[PDB]
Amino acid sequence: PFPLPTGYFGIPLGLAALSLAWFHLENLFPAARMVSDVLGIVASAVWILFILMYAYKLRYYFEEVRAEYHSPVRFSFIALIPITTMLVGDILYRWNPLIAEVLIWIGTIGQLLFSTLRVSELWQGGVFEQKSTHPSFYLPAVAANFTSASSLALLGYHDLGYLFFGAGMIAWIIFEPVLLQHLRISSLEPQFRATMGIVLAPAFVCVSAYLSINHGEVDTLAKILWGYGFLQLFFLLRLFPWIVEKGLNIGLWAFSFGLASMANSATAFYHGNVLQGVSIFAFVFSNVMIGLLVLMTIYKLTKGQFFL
């Protein structure tokens, strides 16, 4: 027995998001559906396992959960649980809309309860410190709301989806200023540096959720978001040697949410005949990088250095 590190939920998260990206190509290229289904089954199976492991953690390692929850930094990774639950719901919708809808509402109520309890509590002061200003804060604050937005739109609740979308989008622009100033001043320690990959996520997760709610219309807002997303991509590419200066590690799955959302949004840009060449590049690049993450993970697994 061992307590599951909560950040491992980033693995089914990235795979699930990538399943959904391929799903959106089925009308252009039918074989995409099989790729999507395989990714989606693997993501769902991994999610089931990790949920069961986390249930074990809650039952037998509760003080570990309590400590992560109260931490002004580590609490954020708990948001991966409802986020992945919703994405698995979105996958399962293709086979069973009833079960999908249950997972989606569980994830939505869960994430909103979580942020309402913990994100707001930080405003009491004295616990969160300047050094707590980490990219992981995007998970409960931003990513969870975007995921609710897109999932609720899937279920047909577009106007409710826009409320969650707005919560996420404005929360993003309200947090990022202080994050980037912090990064400029304070060197993020190597042990946290893989989480720089989460910096890729906001614009791409945002535009993917937006396009899910607005019927795939590639409009001025969507183009604006893509532009900032690619700026951040270029910055993170330049920074990649620094990010991995102490070595390649499993934390690099942090990048997968943004990469998968880049792939998803690319399918919509392509459908809309906007920047098709860029879209092809983005889709291929993101799949190659996630493919590398999978290969590195299988490698770590086949040597027993996966989870503590």
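We number the residues from 1 along the sequence you see.
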- Could you check the entry and say whether 266 to 274 or 47 to 55 has the higher mean CA B-factor? 47 to 55
- Please work out which of 208 to 216 and 97 to 105 has the higher mean CA B-factor as recorded in the PDB entry. 97 to 105
- Item | Member of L239, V65, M34, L259 with the greatest C-alpha B factor (per the PDB record) | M34
- Query: Going by the entry, which third of its chain does the Cα temperature factor of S120 land in?
  - Reply: middle
- Note on the structure: Entry-reported C-alpha B-factor of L225 relative to its chain, by third, is lowest
- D90: CA temperature factor from the record, placed by chain third, in the middle
- Task: State the tercile, meaning the lowest, middle or highest third, of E189 with respect to the CA B-factors recorded for its chain.
- Result: highest
- Query: If you rank every modelled residue in this chain by C-alpha B factor, which third holds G161: lowest, middle or highest?
  - Reply: lowest
